[PDB]
Every structure is written in C-alpha cells, then in structure tokens.
Amino acid sequence: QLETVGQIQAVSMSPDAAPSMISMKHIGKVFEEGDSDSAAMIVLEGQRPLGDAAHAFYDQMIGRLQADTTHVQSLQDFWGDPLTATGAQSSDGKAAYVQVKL
Amino acid sequence: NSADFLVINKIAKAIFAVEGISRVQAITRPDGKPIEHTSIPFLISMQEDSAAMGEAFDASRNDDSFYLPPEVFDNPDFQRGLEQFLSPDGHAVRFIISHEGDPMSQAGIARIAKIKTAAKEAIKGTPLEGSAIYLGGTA
Amino acid sequence: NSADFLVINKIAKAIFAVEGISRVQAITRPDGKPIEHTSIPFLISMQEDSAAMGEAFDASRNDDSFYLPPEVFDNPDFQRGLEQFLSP
Amino acid sequence: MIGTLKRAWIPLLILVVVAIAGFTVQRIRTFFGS
Ligand SMILES: CCCCCCCCCCCCCCCCCC(=O)O[C@@H](COC(=O)CCCCCCCCCCCCCCC)COP(=O)(O)OCCN
C-alpha cells in the first residue's frame, strides 16, 4: 500500500544545504560522535532526590545504551562525572537527564 | 592551554549575555555555573580577610575575572570533562546553550543570529579571531 | 595622567564593542592590541607559576584590566606615540 | 510585421510570461542556504 512505500522512502526534514544541518554534521564529525541530526533525552525523574541507587541504575542504563551500536551513536554523560554532574540535574535534585545521539 | 581558556570563558560570557539565553555550559562553566576558585580573590593568592573575600566571590558565582592554571590539563579528574567540550585534538570547543522561554517560538528563532553574532564579536581581536563558528540545534 | 588613561582605555573598549568595528587604535592600545604588561596579573605583582599567569593573560591579549603606571609619561619611548594621540 | 504577430499573440504572451516566471524562479532558488 501507499503508506508502506511512504514509510520506507521517507526523506529528511531539513536540506543538506541548511546551515544548521551543515553545522550539526560538522559538530558531530569533529567530536567523533556521528553524522545525524537526531537526539533523544532520557530523562529520569524521582519523587525524592536522586541518590546512589539512582546513579547505579543510570550507570547500568548508559552501559546498555552505549552497547547498541546499531542505533545509539553517542551520548553525553555529564552526570557520571562529578565535575559536570550538577549540569545534568535539577535544582531540587529530583530529576536528571542524558542526551543520546541517534 | 591556559591562554585560550580565557577566550573560551570570554565567549561563554558573551553568549550568556544574550537576552533569552539562560544556562550556557562550557568547559570553563561545566554546569552553567562558573568554576569555583577562579575569580579575582584567588588570582591574588592575614588570610582571614582574604579568605572571606574569596568566599564572598564564590558564594556569588562572580566570574568577571577568571584564571585556570596550566595544572588542570594534567589533572586526571578533568580530562573526562575536557573531552566533552574540546575536540580530541583540541582544535574546536563547543558550548551548550539553553533558552528561557520557548525555543521554537518567533523569538527563540530570532535569537539564533544573535547567538552567532555574540560568539563572533567575542573572538574579535583575540588570537581565535577568524575561527569558524557553527551553530547547530533545533531552533 | 594615570587617572584619565583609565577612562581613555574605557572609551577604546566601548568603541571596539560596537558590532561592525574592528581595530580601534588608541594610546592605551597603540596597535589595535592592548598594551602588554598592563593586564590584571601585572597590577598584582609560587613565582614561576605567577609568571605563567602573566603570559597567559598576555597571550590572550586580555584587556579586562589596565593600569599603566604614572611613571611611563616620562619614558622617552612613549612621547613619540603620546604626541600622535593626545593634544600637545 | 504587425499583421502576422497578431495571429500568434497567444504563444508570444505565453513565452514572455513563462520567461519572466522562469527567471524569477531560478533567481529565488538561490536565496536559501547561500
Ligand atoms: C501572472 C502573470 C501575468 C503576466 C501577464 C499580465 C498581462 C499582460 C497583458 C499584456 C497584453 C498583451 C496582449 C496584446 C493582445 C493584442 C491583441 C491582438 O494582437 O490581436 C487582436 C487585435 O485587437 C486589437 O486591436 C488589440 C490592439 C491593441 C494591442 C495593444 C497591447 C496593449 C497592452 C496592454 C498593456 C497591459 C500590460 C499590463 C502589464 C502588467 C485580435 O486578434 P485575434 O482576434 O485574431 O486573436 C484571437 C485568436 N487567437
């Protein structure tokens, strides 16, 4: 049916000549992290401030995510590093996130 | 190197000073807040009056002045943050910018040219002048 | 006088901060680049590391601070440039 | 001659319209990216 072929042959949203697409491809290439525009944000939110079990689960999660080479191209930890940890955490400490490049 | 981190912090500040920009994140600002122990009461380093000054400049996140010694590029707990923000050969640095309101409004889209202009005027007259400025994102 | 040269450097930087302007040239900046050894670590002065801050603040041509002590107005290497920029 | 260009005024008007439109289109195609 028409929808199957339309889903097979989908085309990008932005042209290759778009300065933002040029910029995103170049940024991803220079930092050795993929040639795409996609990126998801795995937010994890806790009803109480995120503790050490949260960090253990998060470490396991990023381990499982990095291992899949087919779809996950990279991810910026920023929370598994104490120097940048507070850059991936809400002010009240109940939420944290990690960006994954697809 | 310590010389080109002053220009990196200058770019970070010049971007953070754009209107609808909040929470710029750089290597000299690894969590949107400046690195402690880098403001002016620490470039100057009896002490009980020069310690309260450093503590008043650390409690305010004051980052008008800034210095990071060359002793941090071999600090083993700094390389995992140095790899995220600088290219593996150090030739390119990246800043992660957040907006205040809606990124995809009419204003969050008019802020893109302003971010590029701010970053361009920050390196004017510095040894990084003439560098290529790439701005990717969703807005 | 060293008091008014701070306002002069302030005017130089405020003009340099205009968007389409490059290479402002003033007495406190006689070649579009700030004068060396006037930055923030040179009004401060364990020593070999402070000499590293001194060169890091000059290898970036930083100009967030400027003093230029008052005994440079009698330096003969200064008058030929001071006559080009300030009135007689 | 005017007598013969007014039996073929429709194809001539079509040519001039298509030419102006095509030039304007190939001019506007260049603005994006640049
Ligand atoms: C979005 C695109 C729009 C672009 C185009 C805008 C419109 C442009 C209008 C230009 C008018 C040119 C057409 C001239 C028609 C001439 C008529 C003619 O030559 O023959 C008639 C002769 O009748 C006359 O006497 C007309 C003589 C006057 C012609 C003078 C041209 C006037 C130009 C008008 C200027 C308006 C331009 C507006 C531009 C924005 C009768 O011939 P026929 O019955 O045998 O043909 C029919 C069978 N195919």
# chains A, B, ... in the order shown; residues from 1 in each chain; ligands from 1
$ closest_atom_pairs --of "chain D" --to "ligand 1" --cutoff "6 Å" --atoms "only C-alpha atoms and all ligand atoms" --output "tab-separated table"
residue	atom	partner	partner_atom_place_in_ligand_line	distance
D:6	CA	ligand 1	19 (O)	3.9
D:7	CA	ligand 1	45 (O)	5.2
D:9	CA	ligand 1	19 (O)	5.5
D:17	CA	ligand 1	4 (C)	5.5
$ interface_residues --of "chain B" --to "chain C" --cutoff "8 Å" --atoms "only C-alpha atoms" --output "PyMOL selection string"
chain B and resi 2-4+6-7+43-44+65+67+69+121+124-127
$ write_last_selection --atoms "N, CA, C and O atoms" --output "CSV table (one decimal), in the first residue's frame"
chain,number,residue,atom,x,y,z
B,2,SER,N,46.3,27.4,29.0
B,2,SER,CA,45.7,28.5,29.8
B,2,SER,C,45.4,29.8,29.1
B,2,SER,O,44.6,30.5,29.5
B,3,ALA,N,46.1,30.0,27.9
B,3,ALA,CA,45.9,31.2,27.2
B,3,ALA,C,44.5,31.2,26.5
B,3,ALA,O,43.8,32.2,26.5
B,4,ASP,N,44.2,30.1,25.8
B,4,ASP,CA,43.0,30.1,25.0
B,4,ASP,C,41.7,29.7,25.9
B,4,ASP,O,40.6,29.6,25.3
B,6,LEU,N,41.0,31.6,28.5
B,6,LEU,CA,40.5,33.0,28.7
B,6,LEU,C,39.5,33.4,27.6
B,6,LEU,O,38.5,34.0,27.9
B,7,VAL,N,39.9,33.1,26.4
B,7,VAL,CA,39.0,33.4,25.3
B,7,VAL,C,37.8,32.5,25.3
B,7,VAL,O,36.7,33.0,24.9
B,43,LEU,N,43.3,34.8,42.1
B,43,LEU,CA,44.4,35.3,41.4
B,43,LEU,C,45.4,36.0,42.3
B,43,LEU,O,46.6,36.1,41.9
B,44,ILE,N,44.9,36.6,43.4
B,44,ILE,CA,45.8,37.3,44.3
B,44,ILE,C,46.6,36.3,45.2
B,44,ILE,O,47.7,36.6,45.6
B,65,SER,N,36.4,38.2,36.4
B,65,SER,CA,37.8,37.7,36.1
B,65,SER,C,37.8,36.2,36.2
B,65,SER,O,36.9,35.6,36.8
B,67,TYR,N,40.9,32.7,35.9
B,67,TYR,CA,42.1,32.1,35.6
B,67,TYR,C,42.1,30.6,36.0
B,67,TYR,O,41.6,30.3,37.1
B,69,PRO,N,44.8,27.5,36.1
B,69,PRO,CA,46.3,27.3,35.9
B,69,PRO,C,46.6,26.2,34.9
B,69,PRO,O,45.7,25.4,34.6
B,121,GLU,N,31.6,38.3,17.9
B,121,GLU,CA,32.2,39.5,18.5
B,121,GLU,C,33.0,39.2,19.7
B,121,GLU,O,33.9,40.0,20.1
B,124,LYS,N,36.6,38.6,18.4
B,124,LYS,CA,37.2,39.7,17.7
B,124,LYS,C,38.4,40.3,18.5
B,124,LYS,O,38.2,40.6,19.6
B,125,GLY,N,39.5,40.4,17.8
B,125,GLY,CA,40.7,41.0,18.5
B,125,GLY,C,41.4,40.0,19.3
B,125,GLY,O,42.4,40.5,20.0
B,126,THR,N,41.1,38.8,19.4
B,126,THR,CA,41.7,37.7,20.1
B,126,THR,C,42.4,36.8,19.2
B,126,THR,O,42.1,36.7,18.0
B,127,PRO,N,43.4,36.0,19.7
B,127,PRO,CA,44.1,35.0,18.8
B,127,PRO,C,43.2,34.0,18.1
B,127,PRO,O,43.6,33.4,17.2
$ atom_distance --atom1 "CA of residue 109 (chain B)" --atom2 "CA of residue 139 (chain B)"
5.6 Å
$ select_by_dssp --residues "region 33-96 of chain B" --states "alpha helix (DSSP H)" --output "VMD selection string"
chain B and resid 40 to 43 47 to 58 79 to 85
$ write_last_selection --atoms "C-alpha atoms" --output "PDB file, in the first residue's frame"
ATOM      1  CA  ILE B  40      39.816  37.565  41.457  1.00  0.00           C
ATOM      2  CA  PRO B  41      40.433  36.795  45.177  1.00  0.00           C
ATOM      3  CA  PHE B  42      42.238  33.634  44.027  1.00  0.00           C
ATOM      4  CA  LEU B  43      44.420  35.254  41.383  1.00  0.00           C
ATOM      5  CA  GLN B  47      44.238  35.236  55.400  1.00  0.00           C
ATOM      6  CA  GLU B  48      41.085  35.686  57.498  1.00  0.00           C
ATOM      7  CA  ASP B  49      40.334  38.846  55.487  1.00  0.00           C
ATOM      8  CA  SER B  50      41.463  37.362  52.156  1.00  0.00           C
ATOM      9  CA  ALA B  51      39.533  34.137  52.817  1.00  0.00           C
ATOM     10  CA  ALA B  52      36.219  35.883  53.464  1.00  0.00           C
ATOM     11  CA  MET B  53      36.736  37.780  50.206  1.00  0.00           C
ATOM     12  CA  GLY B  54      37.287  34.572  48.250  1.00  0.00           C
ATOM     13  CA  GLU B  55      34.251  33.045  49.955  1.00  0.00           C
ATOM     14  CA  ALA B  56      32.099  36.062  49.069  1.00  0.00           C
ATOM     15  CA  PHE B  57      33.253  35.754  45.456  1.00  0.00           C
ATOM     16  CA  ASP B  58      32.490  32.009  45.462  1.00  0.00           C
ATOM     17  CA  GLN B  79      40.086  15.017  31.283  1.00  0.00           C
ATOM     18  CA  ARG B  80      36.646  13.406  31.200  1.00  0.00           C
ATOM     19  CA  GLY B  81      35.180  16.909  31.070  1.00  0.00           C
ATOM     20  CA  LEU B  82      37.861  18.185  28.734  1.00  0.00           C
ATOM     21  CA  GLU B  83      36.971  15.517  26.182  1.00  0.00           C
ATOM     22  CA  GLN B  84      33.297  16.525  26.143  1.00  0.00           C
ATOM     23  CA  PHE B  85      33.873  20.179  25.332  1.00  0.00           C
TER      24      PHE B  85
END
$ closest_atom_pairs --of "chain A" --to "chain D" --cutoff "7 Å" --atoms "only C-alpha atoms" --output "Markdown table"
| residue | atom | partner | partner_atom | distance |
| --- | --- | --- | --- | --- |
| A:17 | CA | D:33 | CA | 5.5 |
| A:18 | CA | D:33 | CA | 5.6 |
| A:19 | CA | D:33 | CA | 6.5 |
$ write_last_selection --atoms "N, CA and C atoms" --output "short mmCIF file (atom, residue, chain, number, x, y, z; two decimals), in the first residue's frame"
data_model
loop_
_atom_site.label_atom_id
_atom_site.label_comp_id
_atom_site.auth_asym_id
_atom_site.auth_seq_id
_atom_site.Cartn_x
_atom_site.Cartn_y
_atom_site.Cartn_z
N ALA A 17 21.77 21.65 2.44
CA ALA A 17 22.33 22.99 2.36
C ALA A 17 21.90 23.88 3.52
N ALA A 18 21.10 23.37 4.43
CA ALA A 18 20.71 24.17 5.57
C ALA A 18 21.92 24.40 6.47
N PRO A 19 22.26 25.65 6.77
CA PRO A 19 23.41 25.89 7.66
C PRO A 19 23.33 25.14 8.97
#
$ interface_residues --of "chain B" --to "chain A" --cutoff "8 Å" --atoms "only C-alpha atoms" --output "PDB file with N, CA, C and O atoms, in the first residue's frame"
ATOM      1  N   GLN B  25      26.712  26.509  28.938  1.00  0.00           N
ATOM      2  CA  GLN B  25      27.504  25.459  29.563  1.00  0.00           C
ATOM      3  C   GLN B  25      28.767  25.225  28.753  1.00  0.00           C
ATOM      4  O   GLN B  25      28.699  24.763  27.615  1.00  0.00           O
ATOM      5  N   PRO B  30      31.219  24.317  33.759  1.00  0.00           N
ATOM      6  CA  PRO B  30      30.805  22.975  33.339  1.00  0.00           C
ATOM      7  C   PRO B  30      29.385  22.622  33.707  1.00  0.00           C
ATOM      8  O   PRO B  30      28.905  21.564  33.290  1.00  0.00           O
ATOM      9  N   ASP B  31      28.696  23.454  34.470  1.00  0.00           N
ATOM     10  CA  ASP B  31      27.319  23.197  34.854  1.00  0.00           C
ATOM     11  C   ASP B  31      26.506  24.479  34.815  1.00  0.00           C
ATOM     12  O   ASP B  31      25.658  24.725  35.670  1.00  0.00           O
ATOM     13  N   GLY B  32      26.767  25.330  33.828  1.00  0.00           N
ATOM     14  CA  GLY B  32      26.133  26.622  33.762  1.00  0.00           C
ATOM     15  C   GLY B  32      26.555  27.588  34.837  1.00  0.00           C
ATOM     16  O   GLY B  32      26.238  28.780  34.731  1.00  0.00           O
ATOM     17  N   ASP B  77      41.196  14.184  36.946  1.00  0.00           N
ATOM     18  CA  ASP B  77      39.750  14.252  37.105  1.00  0.00           C
ATOM     19  C   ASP B  77      39.202  15.461  36.364  1.00  0.00           C
ATOM     20  O   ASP B  77      38.206  16.059  36.779  1.00  0.00           O
ATOM     21  N   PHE B  78      39.852  15.826  35.265  1.00  0.00           N
ATOM     22  CA  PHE B  78      39.446  16.972  34.469  1.00  0.00           C
ATOM     23  C   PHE B  78      39.390  16.565  33.008  1.00  0.00           C
ATOM     24  O   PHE B  78      38.783  17.253  32.187  1.00  0.00           O
ATOM     25  N   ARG B  80      37.949  13.878  31.641  1.00  0.00           N
ATOM     26  CA  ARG B  80      36.646  13.406  31.200  1.00  0.00           C
ATOM     27  C   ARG B  80      35.691  14.549  30.903  1.00  0.00           C
ATOM     28  O   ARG B  80      34.687  14.337  30.221  1.00  0.00           O
ATOM     29  N   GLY B  81      35.971  15.744  31.404  1.00  0.00           N
ATOM     30  CA  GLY B  81      35.180  16.909  31.070  1.00  0.00           C
ATOM     31  C   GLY B  81      35.834  17.697  29.962  1.00  0.00           C
ATOM     32  O   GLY B  81      35.176  18.451  29.248  1.00  0.00           O
ATOM     33  N   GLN B  84      34.666  16.250  26.555  1.00  0.00           N
ATOM     34  CA  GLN B  84      33.297  16.525  26.143  1.00  0.00           C
ATOM     35  C   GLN B  84      33.176  17.856  25.439  1.00  0.00           C
ATOM     36  O   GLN B  84      32.318  18.020  24.569  1.00  0.00           O
ATOM     37  N   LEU B  86      36.069  19.928  24.291  1.00  0.00           N
ATOM     38  CA  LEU B  86      37.071  20.210  23.281  1.00  0.00           C
ATOM     39  C   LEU B  86      37.279  19.002  22.381  1.00  0.00           C
ATOM     40  O   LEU B  86      37.214  17.855  22.823  1.00  0.00           O
ATOM     41  N   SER B  87      37.527  19.281  21.106  1.00  0.00           N
ATOM     42  CA  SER B  87      37.789  18.245  20.136  1.00  0.00           C
ATOM     43  C   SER B  87      38.961  17.386  20.595  1.00  0.00           C
ATOM     44  O   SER B  87      39.823  17.850  21.340  1.00  0.00           O
ATOM     45  N   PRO B  88      39.006  16.120  20.180  1.00  0.00           N
ATOM     46  CA  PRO B  88      40.106  15.247  20.619  1.00  0.00           C
ATOM     47  C   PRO B  88      41.498  15.766  20.293  1.00  0.00           C
ATOM     48  O   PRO B  88      42.460  15.360  20.951  1.00  0.00           O
ATOM     49  N   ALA B  92      38.767  22.474  18.448  1.00  0.00           N
ATOM     50  CA  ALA B  92      37.426  23.030  18.464  1.00  0.00           C
ATOM     51  C   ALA B  92      36.814  22.862  19.841  1.00  0.00           C
ATOM     52  O   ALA B  92      36.914  21.794  20.441  1.00  0.00           O
ATOM     53  N   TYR B 134      30.082  27.372  14.151  1.00  0.00           N
ATOM     54  CA  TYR B 134      28.987  26.515  13.734  1.00  0.00           C
ATOM     55  C   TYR B 134      27.959  26.449  14.847  1.00  0.00           C
ATOM     56  O   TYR B 134      28.307  26.196  15.999  1.00  0.00           O
ATOM     57  N   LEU B 135      26.701  26.669  14.499  1.00  0.00           N
ATOM     58  CA  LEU B 135      25.608  26.674  15.458  1.00  0.00           C
ATOM     59  C   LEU B 135      24.553  25.690  14.989  1.00  0.00           C
ATOM     60  O   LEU B 135      23.753  26.004  14.107  1.00  0.00           O
ATOM     61  N   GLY B 136      24.554  24.497  15.577  1.00  0.00           N
ATOM     62  CA  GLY B 136      23.519  23.520  15.354  1.00  0.00           C
ATOM     63  C   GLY B 136      22.585  23.468  16.547  1.00  0.00           C
ATOM     64  O   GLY B 136      22.858  24.011  17.608  1.00  0.00           O
ATOM     65  N   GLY B 137      21.474  22.799  16.355  1.00  0.00           N
ATOM     66  CA  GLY B 137      20.469  22.711  17.385  1.00  0.00           C
ATOM     67  C   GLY B 137      19.128  22.413  16.763  1.00  0.00           C
ATOM     68  O   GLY B 137      19.054  21.870  15.669  1.00  0.00           O
TER      69      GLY B 137
END
